[PDB]
Amino acid sequence: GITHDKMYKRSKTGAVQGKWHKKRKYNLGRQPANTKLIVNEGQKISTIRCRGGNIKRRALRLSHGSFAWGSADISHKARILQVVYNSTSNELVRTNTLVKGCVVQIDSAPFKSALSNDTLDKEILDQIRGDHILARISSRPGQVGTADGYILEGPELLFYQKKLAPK
Amino acid sequence: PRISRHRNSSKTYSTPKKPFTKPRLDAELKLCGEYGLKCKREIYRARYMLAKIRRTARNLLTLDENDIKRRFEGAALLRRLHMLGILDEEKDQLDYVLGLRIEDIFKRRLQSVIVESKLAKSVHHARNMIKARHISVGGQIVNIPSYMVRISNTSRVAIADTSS
Amino acid sequence: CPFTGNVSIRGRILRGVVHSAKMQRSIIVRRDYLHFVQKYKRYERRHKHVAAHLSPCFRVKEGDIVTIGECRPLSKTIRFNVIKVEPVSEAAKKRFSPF
Amino acid sequence: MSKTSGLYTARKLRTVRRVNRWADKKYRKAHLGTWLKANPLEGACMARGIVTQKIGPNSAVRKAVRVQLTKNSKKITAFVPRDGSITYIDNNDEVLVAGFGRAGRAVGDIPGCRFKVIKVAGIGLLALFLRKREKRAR
Amino acid sequence: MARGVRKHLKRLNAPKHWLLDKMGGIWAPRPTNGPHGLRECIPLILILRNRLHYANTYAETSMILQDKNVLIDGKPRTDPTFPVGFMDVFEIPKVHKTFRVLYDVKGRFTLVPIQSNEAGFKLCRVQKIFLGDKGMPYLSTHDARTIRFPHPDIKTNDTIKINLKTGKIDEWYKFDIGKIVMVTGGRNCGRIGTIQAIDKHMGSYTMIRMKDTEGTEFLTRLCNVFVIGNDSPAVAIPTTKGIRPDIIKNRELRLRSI
RNA sequence: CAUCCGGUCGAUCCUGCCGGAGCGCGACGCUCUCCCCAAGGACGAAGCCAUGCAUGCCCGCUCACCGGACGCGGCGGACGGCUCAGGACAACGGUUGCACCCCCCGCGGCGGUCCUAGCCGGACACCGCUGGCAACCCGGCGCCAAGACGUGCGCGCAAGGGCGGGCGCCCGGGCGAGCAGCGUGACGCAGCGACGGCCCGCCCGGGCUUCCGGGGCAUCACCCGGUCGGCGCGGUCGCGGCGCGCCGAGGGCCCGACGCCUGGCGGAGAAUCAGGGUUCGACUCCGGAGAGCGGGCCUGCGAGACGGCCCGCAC
RNA sequence: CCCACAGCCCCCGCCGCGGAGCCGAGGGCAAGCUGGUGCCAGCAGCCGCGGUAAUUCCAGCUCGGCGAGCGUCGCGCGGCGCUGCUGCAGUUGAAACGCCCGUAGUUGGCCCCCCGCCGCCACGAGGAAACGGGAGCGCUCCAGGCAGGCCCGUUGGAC
RNA sequence: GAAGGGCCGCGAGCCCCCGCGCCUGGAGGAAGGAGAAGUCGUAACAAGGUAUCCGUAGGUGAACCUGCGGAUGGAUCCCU
Ligand SMILES: [Mg+2]
Ligand SMILES: [Mg+2]
Ligand SMILES: [Mg+2]
Ligand SMILES: [Mg+2]
Ligand SMILES: [Mg+2]
Ligand SMILES: [Mg+2]
Ligand SMILES: [Mg+2]
Ligand SMILES: [Mg+2]
Ligand SMILES: [Mg+2]
Ligand SMILES: [Mg+2]
Ligand SMILES: [Mg+2]
Ligand SMILES: [Mg+2]
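Residues numbered from 1 in each chain as written, not as in the entry; some residues may be left out. Chains lettered and ligands numbered in written order. Part of a larger assembly, values for the part shown. Heavy atoms only, no water. Residues with missing side-chain atoms left out of burial classes, pairs and counts.

(A) Quick peek at the interface of chain C and chain D. The interface of chain C with chain D comprises 9 residues on the first partner and 10 residues on the second. Buried surface at the junction of chain C and chain D, both sides included, amounts to about 920 Å², of which 59% is carbon and sulfur. At the surface where chain C touches chain D, the tally comes to 1 salt bridge. Here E44 of chain C ties to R14 of chain D by a salt bridge, and the two come within 3.8 Å at their closest N and O atoms. At the junction of chain C and chain D, the tally comes to 5 residue pairs in polar contact. (Contact = heavy atoms within 4.5 Å. Buried area = accessible area lost by both parts, 1.4 Å probe. Salt bridge = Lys/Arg side-chain N within 4 Å of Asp/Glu carboxyl O. Polar contact = N/O pair within 3.5 Å; in protein donor to acceptor, adjacent residues only side chain to side chain.)

In structure tokens form, the structure reads like this:
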């Protein structure tokens, strides 16, 4: 069905190449998982039998993940609230779809439970006093079944803040 | 597939490019009469063998004397010729090979070697007795007229012990 | 980039002259070689085009000599990366330069 | 000279020979393809057809026949060699027809004849000429 | 493009040094996976049938192997297609015959009868040092044998002496200039010489130059250079000390034997 | 293993072609005493097929009949065999690489598993009773087995994720090459375990990949528009315009692009014979593709399988 | 004896079928006398024969070539230096653009003794056999195959 | 967790339009070749009875004729 074979493409000069064999199962593909934030309801993850008997799992729905604050070395499990920015398309943001690189809002309860007073990075403390903290996704849902990440800081935090402020 | 497909095979003679040539016909009939040749394929076979020997000798002679390959192949060829009796013992230089003639090949046939020993009246008589298995080489009897005897086996040729 | 990026050089190292530098971070390299024809006991001059990635650390114009190293497939036609540039004077004569 | 002779000139010589080898009539006939499509035998040694009409500086009337090839459906003319062999050929009869000595061109004083009859009704014509076989089945 | 692995082997496509006859049959034995690969091994049945002549057919060899009359490094093997390789031990207790598998000058496998003093061990060439699970260092050899916790002083391309009874190292020979070696592949298989130079080319093969005892010199790549002791061989070697004769000398030998 | 001969004229010398003379591959005709070897529906019908055969074996589980049936279970059936339709920067041949990869059997190691163990639980197959149907096929009730299925006793361990080297460059687990492994902070409890094997290495095999070679026509001279490159994500065993969104514009060509044609499978090789060459290469070994045409898929380490299943079309 | 069983080869005894065809005789091209027919019938790859002796048609005799094989048709190589790199021709036989400029392409005087790179020559490593060449061996010889005798290079299957 | 249903994905078959390649009928028109012992005249080969030929333009039953410029492959290697 779906394939990633190069035999259906044109050559570097723009010519059409002939089809000299039928489709092969080495070069198959599958439909995207399109993992959805939860926001008959619960976490759902599916397993896929891949080549060689290996097992691959794609998440279809999830709500929680582990997020780490590198500067202070504070890592907790937090609930994801909603997606606010994506560098590929606004449609993914409207639908609340989770992929690697998405910028999300997580609950501040686990991180304000402690070190809300300790003199750390000021730009993060103000977020802690509120209700949500800007974060990023580092894992690949649809391949491993998890949505983990880290808390933003440095120039990238300013970049995304300026990006999503005027809206 | 069948194992029989890997067996080799080849022809053993060459036909003249110009068929009708009076001197050639005369010479071929002459040779057939002296050596009692059944047909003209034997002459072609002899010519084939002579051509092979001549080509080997040429290729070897084109090289330098102190060439390892030249020494190896010349020694092998000379040893073969001496063993088969085509070339005389006293000749050991490669040059003498190129002057050889098919008569020398013919003279070592079984009919000839038994006729020169006086054991048969004529080549035709020799062929008739050979076909009737009345001759023996060493301890074995050979019924092929074209069988070629080796120099060490010339004195061991006799009449078949069981022959009547 | 082979220096600041996440690619590794491995395999064959080649040389050639620059043919075009119009893409964002890529160029086309010209290679020249000889082909022998046994029947006529003579040669033919032939050339091939090889596309490569050019990192911003290098500045290249047409005609310069570059050294390219092999890497994993970076695109549909690119499997090489520039590693060394030797400038050549502009206005110089185009010449058949096997390398 | 009048031919290119440089050490790096193999391509020019190749193309020159490629272009100029087409001027030979025999090579064109053999490797152009028009002859293959035009030849009624379609490259075969001989073909099989059906008789449909017996017809006729040397002044010697010759006996021939019109044939219609089965596999190709086209019409040709064939000539009956031996002496008195026309009687062995009857109208509406199956024959096997081969070529003459020359491949395509006419042979001898016969105008526009390039095919030969060799077998009739499954029996060799020459054999029937010598009485080796007989046509009592027909 | 075959859908799976291959299980047959045509006789004509078999390795040359096996010396199979062209008309023996359509097929040849296909060795199973084991210590040695297809191109550097030889099936057991060939030795048991076409060399020692103890069996005349496949069935006889199978019966003998089932009766467990052959030992390979002290472990009975019942597979007629078990691959045998270089520096193996081949002992048949029921006939008090013990051999070591080696290479002849012509580049073929040979059986060298040995003594009991040296038949309880084998020499192995180390090709790889890697970290396994939990960071524990390992090493691998040409016969597909892995050892844990080896001495740090052991490096790649060295030679290792392992006792067959237990499977433990006792001593090792470093790879250096002036150490007797034996060639295990290529045009120079079966020759014995001493290393004289080591030339390494960046990003490509490393070349080893050794001189024969008579004075001959030849070259080969490091991938098939096997140290068999220091100065003098640790194990027994065939009658000829790895000296390849020329064609003329070989022809003289043939004529003498005829 | 460097050869020529007859034909334009009233006669002569040339150019130039026609024909003859040799070998090999096939078909046709006549004929044929003995022995040995030996090809054999390939030749613009990859056209259509009655009839028989071409893939089984057995350690595990016996209250069957007198232990052998049958059945569940295990391995194999993806090798072998046939053919050359398709396909012309492709397949293929030699030469690289995966620091972008997967791998059954076999060989050698390894074996610490968080929160009734004198040994756990329920089923079906065969079989008995009872039945539908022209055939092919199956239905309902009923006691019983496991090296089958499910649960699971057990000294913290699968995948993935954050942090942990430099101050011009070079001078161990390992490399040509910052590659591996480990520590620590968070998540998650995957696999093995009712006669203990998850895991690692080698091996064969496969997937893609670098460089060179890879038919004819110029009464085909300009061609391409995911076409060229960049950024991000997804999918894949895995790299990659492989797919999607955005951005910029490019790429190829008389050293012949693009297009069209082929009675186009490729090579190792075969025919011929001074030397240089010309033609062929269905067929024995290797590689590729296919099983009426076109598609889709389950099982499984491994198939886009056809002596496996589903659909449309033609029979 | 061999063979899964049967043949076949080979060996031992008794009795005993010896059978040649296909093409041609003017030249190329080796091989000549009678009777018919009369530009008819027919032969003839090419030249040519046949209209009253036909050396060529149809028959008999004789003769020639190959031979358990010979002849006919088509294709490929050779012939062919008539595709020409080695190695054609271009005043009159077929064939130098009406002339000039000019890009791509092809070709480019002489000179530095020792350095670097490209081509080149030699050697080497690495990489399937089969086929081909080739060392040795008396399947009775041969086409073939990798064997055999004994006291065997560790018998050999080298390259 | 069955039947069934919705949207997307792979994608057959059919209908419609377009283009390419190969064969093929056709009143009439016109070219070439062969055959016969046809009719009309003589254009070229001799200075062929107007020397021949080249390019271009016009005309005529047919070969062909005429004008402009050119060549000798001409019927001239020869003249203050
Ligand atoms: Mg537990
Ligand atoms: Mg269980
Ligand atoms: Mg085809
Ligand atoms: Mg095959
Ligand atoms: Mg298939
Ligand atoms: Mg299928
Ligand atoms: Mg099948
Ligand atoms: Mg003229
Ligand atoms: Mg002329
Ligand atoms: Mg006139
Ligand atoms: Mg006139
Ligand atoms: Mg005139």
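(B) Molecular detail of the layout of surface pockets. Residues and elements named next belong to chain E. Estimated volume of the largest pocket: approximately 520 Å³. Lining the largest pocket are 24 residues, with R39, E40, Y103, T184 and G185 sitting closest to its centre. Those elements that place two or more of their residues in the lining of the largest pocket are β8 (121-128) and β17 (225-227). (1 Å grid on protein atoms, 1.4 Å probe; cavity = no way out; pocket = protein on both sides within 12 Å on 5 of 7 lines; lining within 4 Å. Points joined across faces, edges and corners; volume = space filled by probe spheres on them. Helix = DSSP H or I, 4+ residues; strand = E, 2+ residues; numbered from the N terminus.)

(C) Quick look at the protein's contact with RNA strand H. Inspection of the region around RNA strand H gives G1, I2, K23 and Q31 of chain A as its neighbouring residues. The residue makeup of the surface near RNA strand H, split by class, is 1 nonpolar, 2 polar and 1 charged. (Near = heavy atom within 4 Å. Nonpolar A, V, L, I, M, F, W, Y, C, P; charged D, E, K, R; others polar.)

(D) Seen up close, empty space enclosed by the protein. Residues and elements named next belong to chain E. Considered as a void within the structure, the largest cavity measures approximately 40 Å³ in volume. As for the largest cavity, its lining consists of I42, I47, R51, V101, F109, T110 and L111. Sort the elements by how many residues they give to the lining of the largest cavity and strand β7 (residues 109-113) lands first, with 3 residues.

(E) Spatial organisation of the packing of helix α2 (residues 41-61) of chain B against helix α3 (residues 68-84) of chain B. All names here are of chain B. Where α2 meets α3, the closest approach of the two axes is 10 Å, and the angle between their N-to-C directions is 150°. Here α2 lies roughly antiparallel to α3, going by the angle between them. Where α2 crosses over α3, the handedness of that crossing is left-handed. Of α3, the residues touching α2 (which contributes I53, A57, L60 and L61) are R70, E73, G74 and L77. (Axes fitted to C-alpha atoms, helices over the stretch in contact; angles between N-to-C directions. Parallel < 35°, antiparallel > 145°, perpendicular 65-115°, else oblique. Left-handed = near helix turned anticlockwise from the far one by under 90°.)

(F) Just the sheet that holds strand β7 (residues 132-137) of chain A, in detail. Residues and elements named next belong to chain A. Strands sit in the order β4-β5-β6-β7-β8 around a closed barrel of 5 strands; the barrel is mixed. Ignoring which end each strand starts from, the neighbouring axes of this sheet average 50° apart. Of the strands in this sheet, β4 (64-69), β7 and β8 (149-151) are in contact with helix α3 (residues 122-129), which crosses β7 at around 115°. (Pairing = 2+ DSSP bridges.)

(G) Geometry of the protein's contact with RNA strand G. Near RNA strand G lie 86 residues; those nearest to it are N143 of chain B, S2 and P81 of chain D together with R187 and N250 of chain E. In the interface set of RNA strand G, defined as its atoms within 4 Å of the protein, sugar plus phosphate atoms amount to 65%. Here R79 of chain B contributes a side-chain N or O atom positioned 3.4 Å from a phosphate oxygen of RNA strand G. Between RNA strand G and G84 of chain D there is a distance of 3.4 Å, counted from a phosphate oxygen to a backbone nitrogen or oxygen. Secondary structure elements with two or more residues in the surface near RNA strand G: α2 and α3 of chain B, β3 (42-53) of chain C, α1 (10-20) of chain D together with β16 (217-221) and α3 (247-257) of chain E. With 7 residues, the single largest contributor to the surface near RNA strand G is α3 of chain E.

(H) Region of interest: the pairing of strand β14 (residues 192-200) of chain E. All names here are of chain E. Examined bridge by bridge, strand β13 (residues 180-183) and β14 share 3 bridges and lie antiparallel to one another. Bridge pairing in β14 places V181 opposite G193. Turn length for the β14-strand β15 (residues 206-211) hairpin, with the two strands adjacent in sequence and antiparallel, is 5 residues, and the turn residue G203 shows positive phi of about 75°.

(I) Main features of the domain arrangement of chain E. Residue and element names in this part refer to chain E. Domain boundaries in chain E define domain 1 (2-117), domain 2 (122-172) and domain 3 (175-244). A separation of 26 Å is found between the C-alpha centroids of domain 1 and domain 3. Listed as interface residues are 10 residues of domain 1 and, on the opposing side, 13 residues of domain 3. A combined buried area of about 970 Å² lies between domain 1 and domain 3, and 78% of that area is made up of carbon and sulfur atoms. By the criterion of area lost to domain 3, the three top residues of domain 1 are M87, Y103 and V105, representing 55% of everything that side buries. Our count for the contact surface shared by domain 1 and domain 3 stands at 0 salt bridges. The interface formed by domain 1 and domain 3 contains 1 residue pair in polar contact. By residue number, the principal contributor to the side of domain 1 that touches domain 3 is strand β6 (residues 97-103), which donates 3 residues. Partitioned by chemical class, the residues of the side of domain 1 that touches domain 3 number 6 nonpolar, 1 polar and 3 charged. (Domains from an automatic or database assignment.)

(J) Region of interest: the environment of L125 of chain A. Residues and elements named next belong to chain A. As for its position among the elements, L125 is in helix α3. In sequence terms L125 and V93 are 32 residues apart; their C-alpha atoms lie 26 Å from each other. If we ignore the near neighbours within four places in the chain, the residues touching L125 are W69, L115, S116, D118 and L120.

(K) Focus on the pairing of β15 of chain E. Residues and elements named next belong to chain E. Of the two faces of β15, only one is covered, namely that formed by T206, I208 and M210; the face formed by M207, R209 and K211 stays uncovered. The pairing of β15 with β16 spans 5 bridges and is classified as antiparallel. Its bridge partner being in β16, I208 is matched across the sheet by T220. (Buried < 20%, exposed > 50% of the residue type's maximum accessible area, 1.4 Å probe, protein only.)

(L) Seen up close, the nonpolar core. In terms of nonpolar packing, the biggest core is built from 44 residues, with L44, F86, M87 and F90 of chain E touching the most fellow members. Composition of this core by domain shows at least three residues from each of domain 1 (2-117) and domain 3 (175-244) of chain E. Beyond its immediate chain neighbours, meaning those up to four positions away, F90 of chain E contacts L44, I47, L48, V70, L71, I72, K97, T98 and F99 of chain E. Residues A59, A78, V104 and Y160 of chain A belong to the second largest nonpolar core, which totals 29 residues. (Core = buried A, V, L, I, M, F, W, Y, C linked by side-chain atoms within 4.5 Å.)

(M) Region of interest: a positive patch on the surface. All names here are of chain D. The grouping of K25, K26, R28, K29, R102 and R105 at the surface amounts to a positive patch. Looking at where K25 falls in the secondary structure, it is placed in helix α2 (residues 25-31). Residue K25 is classed as exposed on the basis of its relative accessible area, which comes to 68%. (Patch = residues over 30% accessible without salt bridge, like charges linked within 9 Å, V, L, I, M, F, W, Y side chains within 5 Å. Areas by Shrake-Rupley, 256 points an atom, 1.4 Å probe, with all protein chains shown as cover. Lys, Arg positive; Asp, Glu negative; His and termini not counted. Charge placed at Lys NZ, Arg CZ, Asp CG, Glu CD.)

(N) Examining the state of the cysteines more closely. One pass over the full model with this rule turns up 0 disulfides over all chains. Here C45 of chain D is not cross-linked by a disulfide; its sulfur's nearest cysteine counterpart is in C113 of chain D, at 20 Å. (Disulfide = S-S within 2.5 Å.)

(O) Layout of unusual backbone geometry. Positive phi values are uncommon outside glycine, yet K41 of chain C reaches one of about 55°. Of note, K41 of chain C is situated in the loop between β2 (26-37) and β3. In this structure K41 of chain C comes out as exposed when scored by relative accessible area, which is 58%. For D231 of chain E, which is not a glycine, the phi torsion comes out positive at approximately 60°. One can find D231 of chain E in the loop between β17 and α3.

(P) Looking closely at a nonpolar patch on the surface. Together, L34 and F96 of chain C together with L7 and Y8 of chain D make up an exposed nonpolar region whose accessible area comes to about 350 Å². Looking at the element boundaries, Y8 of chain D is found in the segment before α1.

(Q) The sheet that holds strand β2 (residues 71-72) of chain E, seen in detail. Residue and element names in this part refer to chain E. Spatial ordering of the open sheet is given by β3-β2-β5-β6-β7, a layout of 5 strands whose pairing is antiparallel. Unpaired on one side and paired on the other, β3 (75-76) and β7 mark the two borders of the sheet. Across 2 bridges, β2 lies against strand β5 (residues 88-92) in antiparallel orientation. Along β5, the bridge assignment pairs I72 with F90.

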